[PDB]
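Report on the following structure.
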Amino acid sequence: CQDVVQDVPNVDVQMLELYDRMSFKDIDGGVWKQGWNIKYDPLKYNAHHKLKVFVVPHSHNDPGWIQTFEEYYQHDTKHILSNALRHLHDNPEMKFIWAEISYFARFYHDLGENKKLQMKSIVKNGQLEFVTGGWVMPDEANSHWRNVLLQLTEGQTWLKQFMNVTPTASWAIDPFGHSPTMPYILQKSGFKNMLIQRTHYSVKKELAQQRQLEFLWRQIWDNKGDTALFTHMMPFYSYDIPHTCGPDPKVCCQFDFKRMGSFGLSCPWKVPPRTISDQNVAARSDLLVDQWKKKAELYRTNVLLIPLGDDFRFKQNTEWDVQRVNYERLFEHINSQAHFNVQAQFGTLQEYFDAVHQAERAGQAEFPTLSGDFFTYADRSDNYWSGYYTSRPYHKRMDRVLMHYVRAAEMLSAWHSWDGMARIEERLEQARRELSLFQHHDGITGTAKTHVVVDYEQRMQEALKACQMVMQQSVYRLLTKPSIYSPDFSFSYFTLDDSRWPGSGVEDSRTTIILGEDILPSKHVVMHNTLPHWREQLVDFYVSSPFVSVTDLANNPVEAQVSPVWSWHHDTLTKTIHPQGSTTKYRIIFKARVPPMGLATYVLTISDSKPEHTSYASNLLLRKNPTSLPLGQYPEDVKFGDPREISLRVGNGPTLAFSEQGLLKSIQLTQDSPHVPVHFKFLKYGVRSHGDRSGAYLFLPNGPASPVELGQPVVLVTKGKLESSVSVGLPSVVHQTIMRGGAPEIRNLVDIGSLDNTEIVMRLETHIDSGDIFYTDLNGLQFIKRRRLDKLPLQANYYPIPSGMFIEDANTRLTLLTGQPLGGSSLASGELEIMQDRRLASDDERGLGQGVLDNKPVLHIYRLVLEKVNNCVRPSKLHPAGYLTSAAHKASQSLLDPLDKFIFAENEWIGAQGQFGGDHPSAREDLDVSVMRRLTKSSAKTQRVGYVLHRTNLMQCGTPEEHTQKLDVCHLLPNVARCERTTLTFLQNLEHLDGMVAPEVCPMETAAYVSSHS
Ligand SMILES: *[C@@H]1O[C@H](CO)[C@@H](O)[C@H](O)[C@H]1NC(C)=O
Ligand SMILES: O[C@H]1[C@H]2[C@H](O)CCCN2C[C@H]1O
Ligand SMILES: [Zn+2]
């Protein structure tokens, strides 16, 4: 295995190093506003060395933005695809590329057979070409790699089944900045080339001057270069026609033939296109070839890519004709005028890349190597697109909940083959497609109109219900004696209980387990662990009595803690935010221990008085002017006091000290150790009163954040043997620190209410000497080193925090793991900060046409890990990556893939069993089975199950960390007949494996395997 820590890769362009050297000056470059006046030598191209130009028609189709998916499909996309089929069928030389398979599948399934056959023929013969082939063209900042792979696989599996093609070239013209997680996944999915567009204008200028816009993009830790994927970065401000022919938009706009008037479009540079005729073709070709030769100066081969398209283009027949006929007149003239030394034609994206690599193999060009990312994007001036790292945070959090539910549903149901009447494949396909749709660059980004956001939310809610159905049917099958199992596939045997979604204070969605001497003495509950190692985690359930005890199914007592159910209220009468306790619902908490990829059953039983193995939390309300808080049968009375500093310790774990306002002020790791200053603070950013306004995309603060005025907030302290917590009602946020014996969990119930033009940030202040360095993750896959640059404005130093961030010095590290993608930064040495929500009254002029005024309460979750790192083997100072410790990685897993909880729905479960998966191997902690998916329906003689295996890389810090078992996914199901390593989408077999054994993968690698069973 390659060492991903100790060897700094030698690359021609390393983005962090480039960033440190670049000046980022925004100078007026002339007609190329963010470049320079390009010059070329007319003698470069001659009879024996022509410029080959590929004009590639395209249509950018968003699966929701200003309209919903279905609205756009009915108003625009179905007409574009119908007319593309007719026009390409009738004009053999015309070409077209298509990226969004969610729309193509929605169209193709509605076509009659004659037209399906016509469509298959224009794909087979190369006229219509699929680029990327994902369900969507995903956001690259907030998306988790697991969901980027899910949506790629959904679209490519559809393409292989119905079109018999698998794209090897990717097209990403609109995501707002670009992540190296894309070439990572694409190169492991058979790709050979990719194209990107939205990178900082200063980066385009810098790379264009060096002819480094085409490069072999490798991962930041890849010393050898095996992850490299050829990448083409487009050079200009947009993918529209004015910005794709060459450097001067006033000229290029005249070659967008849809802008002459009858289509309601025009050129803002005030020179319109004119129909090509024999009298003007020479002058028009002179202008166009000059633009092309200038664009060609920025690249190394004699093959030039000229995209021809824009949003929802090629809709009308008349548009297809106006673009095609005018370009064909230009080609016939240009290609016959020897003096131009150009051969131009319509082409596809793969045709362009194939010709570029032909030139490379002929020794005509060599390409530079590059590592790093392309965040944070700015399209002009100081307009950095860091706002969408936080916009619509409720749905960003929902994405991560559904991510996990889809993984758990596919894994739980994969163990068996199901009859078609069970509708398992139907519900899983629905769930995968709704989560895949939301990866769109106007979905998870929070950049769609309000009614479109509602549509995505509705689709994800249906997907969660589908996952629940499949999971609970699977648990019933896996834990019931087979000769007793009697499924009704529409019945609810179990209901899921989720303590953090939508979350306390967001929705009352959780069911209370109702026990009583005159109704039901006990209830079975089951936990599922999707991770491939044995795992313990505290779990909680609501119960109708505080006198409840827990047992396992061998009837062994399990230690439990009962706490009250506390709900916070913004009291419009007293004008305080304070908690109310239930006098009939209680929380019971206990430690569940679950096998790798397995299930464990427990029983909750009521008694008439305090059970021997259940303890009760104390509760202390700190506030001026308290009033009583009765809790019914709960056996400890609530205590009261004036606000004061407090300290708590659970188990052996850290001791946390809190200010009188209920906010952390220090962490002491052990009895002997220093109380390390770690302070939480909430602040607010505002908006500029003149000039550009913040909106869904842009973060344009009116200076550094100001502290939220806290008043004298009400603080609630709950102290228990298994779990303790401090919660405080602050303006717009109920902030909660929970202790269970290890790193604390932080929960914020964020309700920005009616605070217009405000962004609420949570900051951590420490004395760690981090300087200008901090680390953030990319897509939950890798941590990249960031350097705060004071030559850039505050908003440019914000980066996506899809799953975690950290700061460190020689001795100490503070890592904040997140359960949802949000924006964040380290704006000063020793600080970390992460945005919670933002409410903006103005539109930011990128086309959305609204501010963000649709906020709703959201429960954000985190883990906060303070550690000594002086003993850890870390990368050298020049390495661009960082790596988590074991405790931080486990804390991230606790947020993203918690245990699932099921409550048996009827009175008695006949045939119940105690555990499933006790014989599953418990794999080393850095290995995960990211995906387990049965790939065949029950009628297939040979069953196939696919697995995606990912190994992260954890720092070595001196812990022996020892005995685990090798995980061979091909032997997890019986009767294995074959084991193959495949691409990550499962669509191509790459290696037949000896002994039907699937080897584990190397650190930072991901592999896929398919086992076949007879
Ligand atoms: C699918 O494509 C392959 C080549 O890529 C071809 O050999 C095979 O016949 C095709 N199957 C069809 C036409 O469905
Ligand atoms: O995705 C839509 C929109 C983005 O939301 C912001 C950049 C311009 N894009 C055009 C549309 O495709
Ligand atoms: Zn778009």
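Going by the structure tokens order, chains are called A, B, ..., each with residues numbered from 1, while ligands are numbered from 1 in the order shown.
Of all the residues in range 91-130 of chain A, the ones DSSP labels as alpha helix (DSSP H) from the backbone are residues 101, 102, 103, 104, 105, 106, 107, 108, 113, 114, 115, 116, 117, 118, 119, 120, 121, 122, 123 and 124 of chain A.
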Task: Contacts to ligand 2 at 9 Å cut-off (only C-alpha atoms and all ligand atoms) as an NGL selection string - done: :A and (60-66 or 173-176 or 238 or 310-312 or 440-442 or 445 or 447-448 or 697 or 846-848)
- [ ] Could you give me the residues within range 268-374 of chain A that DSSP places in strand (DSSP E or B), as number ranges by chain?
- [x] A: 303-311, 342-346, 369-371, 374
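Shortest separation to ligand 3 among A:439, A:584, A:114, A:227 occurs at residue A:439, atoms counted being only C-alpha atoms and all ligand atoms.
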- [ ] Would you mind listing the residues within 10 Å of ligand 1, counting only C-alpha atoms and all ligand atoms, as a VMD selection string?
- [x] chain A and resid 120 to 121 124 160 to 166
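With distances restricted to only C-alpha atoms, A:326 is the closest residue to residue 275 in chain A from A:326, A:580, A:318, A:46.
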Task: Who sits within 9 Å of range 98-108 of chain A, only C-alpha atoms, same chain under 2 positions skipped, as a PyMOL selection string - done: chain A and resi 58-63+69+73+77-78+81-82+96+110-112+115-116+119+128-137+154-156+158-159+170-172+433+436-437
Selected residues, C-alpha atoms, written as a compact mmCIF listing (two decimals), in the first residue's frame, please.
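And here is the file that came out, again21.txt:
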```
# COMPACT_ATOMS: atom_id res chain seq x y z
CA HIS A 58 -25.47 20.89 -25.28
CA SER A 59 -28.45 21.85 -23.11
CA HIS A 60 -28.05 22.39 -19.35
CA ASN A 61 -31.20 20.96 -17.67
CA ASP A 62 -31.58 21.47 -13.93
CA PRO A 63 -33.61 18.81 -12.07
CA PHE A 69 -38.35 18.66 -11.66
CA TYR A 73 -39.96 18.30 -17.52
CA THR A 77 -37.16 19.08 -21.05
CA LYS A 78 -39.61 16.76 -22.70
CA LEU A 81 -35.49 15.59 -25.84
CA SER A 82 -38.31 15.05 -28.34
CA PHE A 96 -25.63 16.50 -28.94
CA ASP A 110 -42.81 7.57 -21.75
CA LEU A 111 -41.71 6.96 -25.37
CA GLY A 112 -43.45 4.50 -27.60
CA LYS A 115 -39.18 6.08 -30.80
CA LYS A 116 -37.26 4.08 -28.15
CA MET A 119 -33.29 6.85 -29.69
CA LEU A 128 -26.29 11.56 -29.00
CA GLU A 129 -23.63 11.01 -26.40
CA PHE A 130 -24.08 10.73 -22.63
CA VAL A 131 -21.61 12.69 -20.50
CA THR A 132 -21.05 11.59 -16.88
CA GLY A 133 -24.33 9.66 -16.85
CA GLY A 134 -25.26 10.45 -13.25
CA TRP A 135 -28.87 10.93 -12.09
CA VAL A 136 -27.88 14.60 -11.71
CA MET A 137 -24.87 16.89 -12.03
CA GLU A 154 -28.31 5.24 -10.37
CA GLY A 155 -27.83 7.00 -13.69
CA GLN A 156 -25.14 4.67 -15.07
CA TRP A 158 -30.05 2.92 -16.03
CA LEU A 159 -27.84 3.73 -19.01
CA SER A 170 -17.60 13.63 -17.27
CA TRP A 171 -19.15 17.09 -17.80
CA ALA A 172 -19.62 19.39 -14.77
CA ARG A 433 -33.72 8.16 -6.73
CA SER A 436 -29.93 11.08 -5.77
CA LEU A 437 -32.11 13.92 -7.14
```
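By only C-alpha atoms, and with residues fewer than 4 positions from range 718-720 of chain A along its chain excluded, the set lying at most 9 Å from it is residues 561, 562, 563, 615, 616, 617, 618, 619, 620, 621, 648, 650, 724, 725, 726 and 727 of chain A.
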Open item on the list: If we count only C-alpha atoms and set the cut-off at 12 Å, which residues sit around residue 461 in chain A, ignoring sequence neighbours fewer than 2 positions away in its own chain? Please answer as a PyMOL selection string.
Closed with: chain A and resi 395+398-399+401-402+405+430-431+434-435+438+454-459+463-468+501-502
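Across A:480, A:443, A:228, A:954, the tightest approach to ligand 3 is made by A:443 when counting only C-alpha atoms and all ligand atoms.
With only C-alpha atoms taken into account, the protein and nucleic acid residues at most 8 Å from range 827-836 of chain A (excluding it and anything under 3 positions from it in its own chain) are residues 390, 393, 750, 759, 760, 761, 762, 763, 764, 765, 766, 767, 768, 769, 770, 771, 772, 773, 788, 794, 797, 801, 805, 806, 807, 822, 823, 824 and 860 of chain A.
Counting only C-alpha atoms and all ligand atoms, the residue from A:608, A:263, A:728, A:240 that sits nearest to ligand 3 is A:240.
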TODO: Extract, using only C-alpha atoms, all DNA, RNA and protein residues at most 9 Å from residue 38 in chain A, discarding same-chain residues fewer than 3 positions from it, and format them as a PyMOL selection string.
DONE: chain A and resi 32+35+247+294-295+297-298
Open item on the list: What's the separation between CA of residue 802 in chain A and CA of residue 819 in chain A, in Å to one decimal place?
Closed with: 8.4 Å
Open item on the list: Ranking A:239, A:947, A:567, A:721 by minimum distance to ligand 3 and counting only C-alpha atoms and all ligand atoms, which one comes first?
Closed with: A:239
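The spacing separating CA of residue 581 in chain A from CA of residue 722 in chain A amounts to 19.8 Å.
Separating CA of residue 983 in chain A from CA of residue 932 in chain A is a distance of 14.4 Å.
For the residues A:198, A:44, A:981, A:274, ranking by smallest atom-to-atom distance to ligand 3 using only C-alpha atoms and all ligand atoms places A:198 first.
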